[PDB]
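Please treat every number below as a calculation from the coordinates, not as lab data. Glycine gets a Cβ as well: all are built from the backbone with ideal geometry, and neighbour counts include every protein chain shown.
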Amino acid sequence: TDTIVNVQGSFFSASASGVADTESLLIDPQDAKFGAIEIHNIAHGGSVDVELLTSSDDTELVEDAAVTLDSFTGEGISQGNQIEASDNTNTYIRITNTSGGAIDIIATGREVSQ
Amino acid sequence: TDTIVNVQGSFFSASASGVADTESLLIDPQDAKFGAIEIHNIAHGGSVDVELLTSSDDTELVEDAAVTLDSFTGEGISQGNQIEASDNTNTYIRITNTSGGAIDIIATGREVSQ
Amino acid sequence: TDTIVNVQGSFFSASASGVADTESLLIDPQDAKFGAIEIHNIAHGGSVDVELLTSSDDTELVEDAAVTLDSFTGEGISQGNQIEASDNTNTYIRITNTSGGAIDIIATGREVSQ
Amino acid sequence: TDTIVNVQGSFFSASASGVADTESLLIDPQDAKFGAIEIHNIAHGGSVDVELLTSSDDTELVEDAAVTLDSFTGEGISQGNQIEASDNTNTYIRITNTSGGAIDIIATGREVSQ
Amino acid sequence: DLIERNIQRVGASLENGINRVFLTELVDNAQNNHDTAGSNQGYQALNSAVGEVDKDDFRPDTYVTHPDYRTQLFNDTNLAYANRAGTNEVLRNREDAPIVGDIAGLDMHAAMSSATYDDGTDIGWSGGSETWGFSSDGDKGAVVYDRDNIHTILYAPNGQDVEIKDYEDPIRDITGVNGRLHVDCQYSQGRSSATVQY
Amino acid sequence: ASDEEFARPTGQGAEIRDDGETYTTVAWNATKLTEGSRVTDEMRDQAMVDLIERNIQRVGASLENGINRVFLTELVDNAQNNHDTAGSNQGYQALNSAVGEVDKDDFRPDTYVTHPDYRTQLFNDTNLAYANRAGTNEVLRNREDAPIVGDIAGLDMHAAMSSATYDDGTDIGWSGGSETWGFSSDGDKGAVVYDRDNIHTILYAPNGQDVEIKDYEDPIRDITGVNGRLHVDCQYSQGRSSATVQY
Amino acid sequence: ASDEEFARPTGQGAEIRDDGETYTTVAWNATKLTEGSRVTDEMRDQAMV
Amino acid sequence: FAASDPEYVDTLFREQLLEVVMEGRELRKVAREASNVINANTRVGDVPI
Ligand SMILES: [Mg+2]
Ligand SMILES: [Mg+2]
Ligand SMILES: [Mg+2]
Ligand SMILES: [Mg+2]
Ligand SMILES: [Mg+2]
Ligand SMILES: [Mg+2]
Ligand SMILES: [Mg+2]
Ligand SMILES: [Mg+2]
Ligand SMILES: [Mg+2]
Ligand SMILES: [Mg+2]
Ligand SMILES: [Mg+2]
Ligand SMILES: [Mg+2]
Ligand SMILES: [Mg+2]
Ligand SMILES: [Mg+2]
Ligand SMILES: [Mg+2]
Ligand SMILES: [Mg+2]
Ligand SMILES: [Mg+2]
Ligand SMILES: [Mg+2]
Ligand SMILES: [Mg+2]
Ligand SMILES: [Mg+2]
């Protein structure tokens with residue numbers, strides 16, 4: 001019977017160098033081609049809060065629902081998560097610095113269909 | 001209904017033998033056919049630091065963001081990772097020797113679509 | 001929408017009965033149709049060292065890089081691994097007897113695309 | 001883009017009721033349509049030894065390699081296995097009663113392509 | 001005949017020069033870009049590049065292509081499968097296929113060489129802003145454009161085209177051959193053009 | 001002759017600088033390929049066939065096989081481009097990619113030589129095996145005799161070659177090329193895509209233009225011999241006009 | 001007849017080495033296949049076939 | 001030994017040189033077809049937009 005090779009769906013990443021003390025990386029699934037994302041990895045460079053938000057606005061972040069998912073301390077990687085967000089459901093992931101000084105944040109995952 | 005046999009997407013590996021004390025294997029997703037990678041396995045040969053980097057340059061590594069993901073001690077395998085990198089998001093994985101002597105590093109995983 | 005039944009990609013195994021005291025099963029991804037493998041299971045019959053090797057040669061094992069992944073004691077199975085090897089990246093898995101007497105080694109997994 | 005619904009690959013099971021004290025269920029991948037299997041579940045009914053065997057013969061079991069994988073005690077389910085066998089690699093799984101009395105053995109899993 | 005051969009080289013070298021000036025203007029001064037970011041690099045990238053020019057209210061009719069881009073385009077299942085192309089011409093005749101000059105509303109395919117763009121590596125040439133290629137991130141591998149909105153301007157003081165002159169040095173026993181042409185290339189509307197980026 | 005270059009941008013009244021044709025050569029040195037056979041006068045009489053005629057045919061065929069070996073060994077070893085398939089996308093995509101390598105060096109190939117294993121893989125390719133994808137069921141139906149096999153990827157000609165033809169160094173008296181001819185294992189070269197007009201088979205004979213067959217009688221031993229000879233080399237004029245396909 | 005081979009690369013003035021056509025045979029021995037049947041005159045008359 | 005060609009390649013004869021010179025790489029020339037060509041009267045000029 002018919003054999004197909006399955007390669008895995010589109011890589012997604014968001015990153016920021018030198019995020020100031022209280023500032024954040026806003027991961028926007030509007031930047032995805034498919035308009036939805038699943039973040040697997042948050043590599044954080046110093047302490048961060050990870051936060052899942054719904055916007056009132058279809059294109060910009062105006063906070064409606066906001067939940068702090070978890071707090072990460074020091075430098076490292078949270079690997080193999082499935083935090084999910086889409087363009088049309090107005091969902092956003094914010095990774096906020098809490099280190100007392102500037103950090104590098106890299107978030108990676110996969111694009112998902114809406 | 002139609003039956004199809006699913007074979008899994010392209011194998012990826014980077015390797016180096018006799019990596020000197022402070023030197024590194026740079027895993028570049030530009031070496032992938034699909035231009036993105038997910039490293040599952042790091043067989044480390046001795047102590048190593050794993051580091052995730054974003055470049056300012058599309059094609060070369062000029063460090064923008066850098067996060068030391070984790071440190072491995074002694075010889076062994078880190079199995080079941082999902083550390084991800086792509087060419088278009090200019091992401092690189094560096095595995096740096098920390099052993100005080102020469103080591104063999106093998107990193108294996110899968111190619112991912114951009 | 002269109003419905004398809006996914007059957008899983010090609011079974012792979014390597015085996016040897018009566019592997020002598022210091023001898024080994026060399027799992028070669030050249031024996032795969034797709035030229036890459038992912039070993040899930042090592043059923044070992046007695047104590048073994050599992051080792052991941054890179055060759056200098058495209059077709060034969062001439063050791064370049066070698067990492068001892070793990071040591072297994074007595075009789076049993078390591079199940080549900082992902083140790084990965086390809087022909088084009090010249091990667092081999094060696095399972096070496098360490099029992100002091102002859103053992104049966106069966107290694108199973110899946111073929112992966114290069 | 002194109003959307004497809006993935007239904008999962010062919011179910012496989014082997015079973016025997018009232019397996020006598022030292023007797024066994026022989027799980028033969030020749031019974032599969034695709035000629036290879038992956039056993040996920042062993043519902044054991046009493047104490048059993050699970051054993052992986054390679055045959056000298058293409059079609060019948062004449063033991064070459066044999067490894068006792070694990071022993072289960074009392075009634076229960078071994079869920080989440082990946083023990084694999086194929087016809088062409090002449091691999092068999094034997095589940096042997098060790099209870100001192102008659103038991104019911106059910107093994108379930110999936111067919112895999114050769 | 002080394003003089004005839006050198007006259008041929010001189011003429012060819014000037015033609016290659018025209019093509020360099022053209023391709024360097026074309027790639028550098030195109031006002032639109034489609035970033036493929038790996039991914040959907042064949043017909044979809046051409047259609048998307050036509051879409052960029054369509055969004056600036058111009059109609060492209062021509063595309064200029066790098067060898068790597070051609071290679072990727074002819075691996076696209078939409079062209080490689082006769083089923084999907086409506087013709088087996090790309091599978092068989094490849095670049096000579098009538099469909100390759102008739103994709104995405106374009107009337108003309110201008111197959112170009114890898115060397116033609118000004119990298120600044122060739123002596124006397126100062127380099128354009130881009131990379132001509134289709135094998136690494138940020139390379140420009142095709143330009144989709146309106147052929148009537150880019151002008152190759154040719155000037156010669158004597159006649160219309162290449163002037164070849166020869167000289168004898170009676171002191172040194174040397175015969176020389178010199179070719180000249182004046183060329184510029186300019187977009188009238190650079191918005192009529194889109195690069196395809198890797 | 002050297003490759004065509006680019007004119008220089010020049011100031012008005014400035015000196016025109018020189019970049020004339022540089023030249024080089026490719027050398028041929030034709031190797032004497034020889035084949036012999038000996039038959040006793042008693043067997044010559046008693047046999048049902050003309051053993052001398054049969055051996056003349058064998059000697060001729062063996063020399064033709066020799067020409068083909070010299071050709072294929074040059075063609076595979078001295079191709080300046082390579083497409084590494086990495087065990088993947090090995091059919092039409094590999095041919096198109098090999099044509100792409102030659103196109104990138106600004107040559108146009110028109111021919112391909114193919115190993116039996118490569119042929120087998122190519123005819124398994126869904127792009128050719130499915131009448132749908134090929135526009136034609138002729139590959140499914142007639143295999144290598146399909147007109148599309150002599151028509152893929154802008155090529156005019158398919159030169160189907162044998163497995164034994166390349167010099168592995170396994171044959172007696174032959175020293176071996178640098179590559180492996182095959183399509184079975186990593187680094188095997190299974191096809192060459194090339195320009196037919198940019199590779200030269202050079203034939204020398206002292207006493208003519210082609211194969212010389214000589215015979216001899218041994219009156220001491222009652223043996224008749226037949227010896228064939230030809231001198232052959234093969235050289236690329238432009239090795240950039242060719243690409244190997246690598247497993 | 002033996003397979004077609006390849007000519008030998010040879011030095012100038014060196015001896016041409018022999019590799020002549022070797023021959024073999026395949027033997028046939030045809031086996032007698034037989035089949036027989038007997039019918040009585042009365043059955044031959046009375047049968048409709 | 002005897003006289004052979006490898007001994008006398010430049011004494012009793014000369015190696016053959018072909019009168020054919022084999023061409024280098026040729027680049028693709030398209031600009032004249034692929035653009036509007038203006039034959040200018042002056043080296044410097046303007047076109048109105
Ligand atoms: Mg709230
Ligand atoms: Mg939205
Ligand atoms: Mg909406
Ligand atoms: Mg990049
Ligand atoms: Mg930093
Ligand atoms: Mg980019
Ligand atoms: Mg290999
Ligand atoms: Mg070592
Ligand atoms: Mg290789
Ligand atoms: Mg069998
Ligand atoms: Mg045993
Ligand atoms: Mg078999
Ligand atoms: Mg625009
Ligand atoms: Mg044709
Ligand atoms: Mg001067
Ligand atoms: Mg020059
Ligand atoms: Mg080249
Ligand atoms: Mg002698
Ligand atoms: Mg012989
Ligand atoms: Mg002016």
query = Which is farthest toward the positive dipole end of region E:42-120 among E:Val64, E:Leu46, E:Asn75, measuring Cα position about the Cα centre, with Cβ charges +1 (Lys, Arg) and -1 (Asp, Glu)?
reply = E:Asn75
ask   = How high is the relative contact order of chain D, in percent, counting Cα pairs under 8 Å that sit 6 or more residues apart?
value = 45 percent
message = Normalised by the empirical 2.2 N^0.38 Å for globular proteins, what value does the Cα Rg of region C:1-94 take?
response = 1.22
key: Cα centroid of region F:80-116 to Cα centroid of region A:39-114, whole Å   = 46 Å
ask   = Could you give the distance between the Cα centres of region F:126-144 and region G:1-19, to the whole Å?
value = 42 Å
request  = May I ask for the net charge around A:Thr108, where only other residues with Cβ less than 12 Å from the Cβ of A:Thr108 are counted and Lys, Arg are +1 while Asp, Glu are -1?
outcome  = -3
request  = Mind listing the label-point distances from C:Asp70 to the same position on all other copies, shortest first, one decimal in nm, points 7 Å along Cα→Cβ?
outcome  = 1.3, 1.4, 2.3
query = Which whole-Hz ³J(HN,Hα) couplings does region G:20-29 yield from phi under the Karplus relation 6.51 cos²θ - 1.76 cosθ + 1.60, θ = phi - 60°, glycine and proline marked x?
reply = x, 5, 7, 10, 9, 9, 10, 7, 10, 10
message = Defining a contact as two alpha carbons under 8 Å apart and six or more residues distant in sequence, what relative contact order in percent does region E:58-177 show?
response = 28 percent
query = Taking H as built 1.01 Å from N, whose amide H comes closer than 5 Å to the amide H of B:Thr3, not counting residues under 5 places away?
reply = C:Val5
note = Both in Å, the radius of gyration and Dmax of the C-alpha trace of the protein assembly as shown are 35.3, 128
ask   = In the structure shown, do any of F:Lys104/H:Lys29; B:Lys33/H:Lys29; F:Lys32/F:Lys189 have a Cα-Cα gap over 20 Å, and if so which?
value = B:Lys33/H:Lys29; F:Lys32/F:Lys189
inquiry  = Take D:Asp21 and A:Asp21, extend 7 Å from each Cα along the Cα→Cβ direction, and tell me the distance between the two endpoints in nm.
reply    = 7.8 nm
request  = For region F:204-219, take each phi angle, set θ = phi - 60°, evaluate the Karplus expression 6.51 cos²θ - 1.76 cosθ + 1.60, and give the result in whole Hz per residue in order, putting x for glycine and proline.
outcome  = 10, 9, x, 9, x, 10, 10, 4, 9, 10, 10, 10, 9, 10, 9, x
ask   = Counting only residues 5 or more places away or on other chains, whose amide H sits under 5 Å from the amide H of F:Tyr236 once H atoms are built in the peptide plane?
value = F:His200
inquiry  = Taking 25 °C and 0.890 mPa s as the conditions, I'd like the Stokes-Einstein D for chain H in µm²/s, using the Kirkwood hydrodynamic radius from alpha carbon pairs.
reply    = 138 µm²/s
ask   = If contacts are Cα pairs under 8 angstrom and at least 6 residues apart, what is the relative contact order of chain F in percent?
value = 32 percent
message = Need one number: % antiparallel among DSSP beta bridges in the protein assembly as shown, to the nearest 5.
response = 85 percent
key: Vicinal HN-Hα couplings computed from phi for region D:74-85 (Karplus, 6.51 cos²θ - 1.76 cosθ + 1.60; Hz; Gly/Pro x)   = x, 8, x, 10, 7, 8, x, 6, 9, 6, 10, 8
note = Taking G:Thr10, F:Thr170, C:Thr89 and counting other beta carbon atoms within 10 angstrom, the fewest-first order is F:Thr170, G:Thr10, C:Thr89
inquiry  = Show me the GluC sites (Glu not before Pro) within region C:17-112 that DSSP assigns to loop and that have at most 16 other Cβ atoms within 10 Å of their Cβ.
reply    = C:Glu23, C:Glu60
task = Return the calculated 222 nm mean residue ellipticity for chain H, to the nearest 500 deg cm²/dmol, obtained by summing -39500 (n - 2.57) across DSSP H runs with n ≥ 4 and dividing by the residue count.
result = -1000 deg cm²/dmol
request  = Take the alpha carbon atoms of region D:1-33, find their center, do the same for chain H, and report the distance between the two centers in whole angstrom.
outcome  = 69 Å
remark   = By the DSSP-based rule, helices of chain F that are at least 30 Å long along the axis (C-alpha) and have a mean Kyte score of at least 1.6 are none
inquiry  = From the C-alpha coordinates alone, can you work out the Kirkwood hydrodynamic radius of chain F, in Å?
reply    = 21.0 Å
task = Report, for B:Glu23, each distance to the same residue's label point in the other copies, shortest first and in nm; define the point 7 Å along Cα→Cβ.
result = 3.7, 3.8, 6.5
remark   = For F:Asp3, the residues 5 or more places away or on another chain with a placed amide H closer than 5 Å to its own amide H are H:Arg25
